[PDB]
Structures are given as C-alpha cells and as structure tokens.
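What follows is a single structure, written as structure tokens, with notes after it.
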Amino acid sequence: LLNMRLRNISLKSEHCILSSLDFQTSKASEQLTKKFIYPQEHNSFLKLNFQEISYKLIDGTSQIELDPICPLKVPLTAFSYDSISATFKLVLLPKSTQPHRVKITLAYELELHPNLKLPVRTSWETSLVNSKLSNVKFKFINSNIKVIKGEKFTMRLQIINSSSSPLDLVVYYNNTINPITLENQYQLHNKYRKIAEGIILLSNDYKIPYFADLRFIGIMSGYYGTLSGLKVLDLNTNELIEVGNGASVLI
Amino acid sequence: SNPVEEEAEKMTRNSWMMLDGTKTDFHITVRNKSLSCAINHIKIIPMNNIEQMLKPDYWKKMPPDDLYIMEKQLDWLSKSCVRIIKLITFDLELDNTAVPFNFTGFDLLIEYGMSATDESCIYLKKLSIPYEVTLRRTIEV
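Residue numbers (UniProt numbering), protein chains in the order written: chain Z, 212 to 337, 401 to 454, 482 to 510, 518 to 559; chain X, 822 to 830, 857 to 934, 944 to 997.
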C-alpha cells in the first residue's frame, strides 16, 4: 500500500510473448504520507527503488528485462519495464516472481526500508493460408520481407498438396479496379486503385503443374500489406482462394 | 516395494543443388528450464553417410549379392545424423542438406539429437525429429 503494480502481457504471435510490469505511485497512499510530510515541511515523497527484479518462477529460474534500468527514485510517478517471454505452443501457463525494493527517505537518515514481491502467472492471453477444401496449404517461403526499389523480384509460393493429382491450378493477378459515407466511397476507391495498378506479375496465368517463382515488377510505392489480387484457381468450380499473405514496401 | 530416486536434469521439393538451412523452430529440448547446451552445434551437415552407404551399394552391386552389407536394411531413407551434445531452448545448427549425389530411392528423412546434461554420470534420453523431403529430377543421361 504505497505503489500499485500491474503486469500487462501482449501476445505477439509472430515473435515472443511480451509482458511488461508497471509500477505506479498509488495516490490513495500518497496523500497519507503527504499529510505527515507537509506536517514535517516536505512537498512530495522520496521513495528510492534500489533493486527491481523479475524472476522466472519455476523450481528456480530468473530472467532479465529487455532494456536497461538504473537505480532510480521518483516523487509521484510511474515506471514500466518490459521482459520478453517465450511464445508457448499450447497449455503451459508460466509464472513469474517480480521482486522489488522501495527505500523510503527522511531528513538525511531514517530510511525506512521496504521490500515487495508479487508472484503470479504471466498468461494474459486476451503464415500458412489453408485452402479450406482439401488442405492444399500455401505459404510464401519469404513472406513479409521485401524491400524492393521498383526493380524486379521473385517470391516462392510453396504449395503443399495431398500428393494426389498434384498438377491442377493457375495463378493470376486481376489488374482491374473492383467496382465497390462518400469518403467511405473514396477510401475504397483509392484502395482498389492502388491494389489493381501498382504491381504487375510478369508471369500472369503461370499454370503451375511444388515451388513457383512469380516475378513481379511493382510500379508504385507504398506499403502493400496483404498483397491482394493474387488469386489462384483450381480444377473444381471456383476455388478462387486468396493468398492473403506477404507484404512489400517498395521504397 | 523397491524405489529409486528422482533426478532432475516438413521440407519441400529440392533440386540437385545444396540448401543450407539455419533452423530456429520450436525445438523442445525437454530439460527443466533455460537449457544452455554449453557446447553448441554450428553445422550438422547430413547426406554424407548416405553417400558412404551408396558407393558401397555400387561396390556391393559390383559382385553377386550375398548380404555382406545389404541385409534387409532400410537405413538409406533414415538419414540418422546423430547430434551429440555436452552438458528455454537453443536454436538448431546449419543444415547444409547438400544433395549433390544421392539416389532417387529415398523420399523421406529423419534425425536424432542427443539431449545431454551430465553430472558425473552417463548420458541421458534422446530426442528425434523427422523431415519429409521430395526430390526433383533435374537432369539425366
């Protein structure tokens, strides 16, 4: 009851799990000792944090937070350090320790020493594109990695089949503006114009019969997230499924 | 009732080139917590002993066959590159799959990695990962 602490954990699925604890000043405790401090002629507190440490709770383990920290002391404030976890596959809720050491202060003496440790479980918990018919999974072998400079480049759509008639389908890009609150008309028009006119796909109806190369050229700039347009089409009626994947800044 | 103690310790189609893969996937390495290997692996380099089996298969083929070193063994496609280690996981080594001279008889591979944390005793349990790879016929004479 001097410094309220909370830990927030965010699940970055393309990397490690990120969890950050957060100290604060706990105002419902500050006016308490503010009353006696301004009784003794002091305006704000001088609590000194001298040893702050998060340890990985286990039989025994410890971690290290993902940037640098000094030995600090603040009056009415909040601080928050971040430490990276390891992104679990399924069903193992890890736990942490989070010890701390607040050192209070008085007139060059009477440093009433305090310490605190709140151990709890660090599990807040709130690119394969499947075919959705017969598990013909597609993945780009270098997705989201392309700094092109309006030059040619090549990608790799590694199709993974049932190995049962593995020669079936054809890619294409569809350079055509799709035909679609008036600025909601205009934002959709600018999105559909920059999609259907910015890159070209130099191997158009490539008719793949399990890698591909798919050379593009890319004649306008801007971050093309999710790279729409690049559809495939297969032996059945309409397997017009997307890739929905891969991105390229072009500057 | 006689007890003991309790001691705590997917590829794709390949041509005839050489693919060097640095693997940092979800390797378990099921120790307690934060397993430091202390003698790291840099390059595993498989498809060497498969060639050291294939050239004696040629040589074994040279005379009539009487099971001198071909006696029901399907260990061509096994590819059991034993990764021996010393005393929350670590990234795997460089692959260098290196298919420059290998038969078309195989269409699969496996591996085995010796998980080791030895404290004045013998070695420990061992973990194995498979790898499915297909090959492309790029050239013939």
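Built from N, CA and C at the ideal position, the CB exists for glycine as well.
Neighbouring residues, chain Z, relative to X/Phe873 (Cβ below 7 angstroms): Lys300
As assigned by DSSP and simplified to three states, the class of residue 855 of chain X: Residue numbering in chain X jumps from 830 to 857; residue 855 of chain X, which lies between, is not modelled.
Z/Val445, buried or exposed, once every other Cβ within 10 Å from all chains shown has been counted against 16: buried
Whole-number beta carbon distance between Z/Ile269 and X/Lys880, since they are thought to touch under 8 angstroms: 5 angstroms
Contacts around Z/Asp442, its chain only, beta-carbon distance under 7 angstroms, and the 5 residues preceding and following it disregarded: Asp542 and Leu543
Chain-ordered chain Z contacts of X/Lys880 [CB-CB under 9 angstroms]: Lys267, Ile269, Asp270, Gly271 and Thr272
Of the residues X/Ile889, X/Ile978 and X/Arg860, the one placed nearest X/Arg992, counting alpha carbons only: X/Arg860
C-beta neighbour in chain X for Z/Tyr518, strict 8 angstroms: yes
X/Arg860: contacting residues in chain Z (beta-carbon distance under 7 angstroms): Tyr518 and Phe519
Coarse secondary structure for residue 201 of chain Z, derived from DSSP in three states: Because chain Z spans 212 through 559 in this model, residue 201 of chain Z falls outside it and cannot be assessed.
Under 9 angstroms from the C-beta of Z/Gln432: neighbouring residues of chain X: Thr859 and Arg860
Beta bridge counterpart(s) of X/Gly969 as assigned by DSSP: X/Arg930 and X/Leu983
is_contact[X/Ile892, chain C] using C-beta, thresh 8 angstroms: Looking at the structure shown, chain C is missing, and the protein chains on hand are Z and X.
X/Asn823 versus X/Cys977: straight-line alpha-carbon distance, rounded: 22 angstroms
In DSSP terms, what Z/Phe414 is bridged to: Z/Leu431
Z/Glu425 to Z/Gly526 span [Cα, whole Å]: 7 angstroms
Chain-ordered neighbours of X/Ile944 on chain Z, where CB pairs are closer than 7 angstroms: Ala297
Inter-residue Cα distance where the pair is X/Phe959 and Z/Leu303: 43 angstroms
Helix, strand or coil at residue 594 of chain Z according to DSSP, with G and I counted as helix: One cannot answer for residue 594 of chain Z here, as it falls past the ends of chain Z, which runs 212 to 559.
Where the alpha helix (DSSP H) through Z/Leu243 begins and ends: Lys238 to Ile248
Span separating the alpha-carbon of Z/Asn435 from that of X/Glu949: 28 angstroms
Beta carbon of Z/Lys284 nearer than 8 angstroms to that of Z/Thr308: no
Z/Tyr487 (DSSP reduced to helix, strand or coil): helix
Supposed contact pair Z/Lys420 and Z/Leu402 - C-beta distance, whole angstroms, cut 8 angstroms: Rounded, the Cβ-Cβ distance is 19 angstroms, inconsistent with contact.
Alpha-carbon spacing of Z/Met528 relative to Z/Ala239, whole angstroms: 56 angstroms
Classification of Z/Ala297 by the beta-carbon crowding that lies within 10 angstroms, buried from 16 upward: exposed
Z/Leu548 versus Z/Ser405, Z/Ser255, Z/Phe261 and Z/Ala289, residue with shortest Cα-Cα distance: Z/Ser405
Given X/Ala954 as reference, the closest of X/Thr871, X/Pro893, X/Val877 and X/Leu914 once Cα atoms are compared: X/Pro893
Residue(s) in a DSSP beta bridge with X/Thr869: X/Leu950
Residues sharing a beta bridge with Z/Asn219, DSSP: Z/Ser231
Best match in Z/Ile451, Z/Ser230, Z/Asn326 and Z/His490 for proximity to Z/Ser291 [C-alpha to C-alpha]: Z/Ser230
Option nearest X/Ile886 by Cα separation, candidates X/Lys981, X/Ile985, X/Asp974 and X/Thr994: X/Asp974
Z/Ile559 versus Z/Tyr532: straight-line alpha-carbon distance, rounded: 11 angstroms
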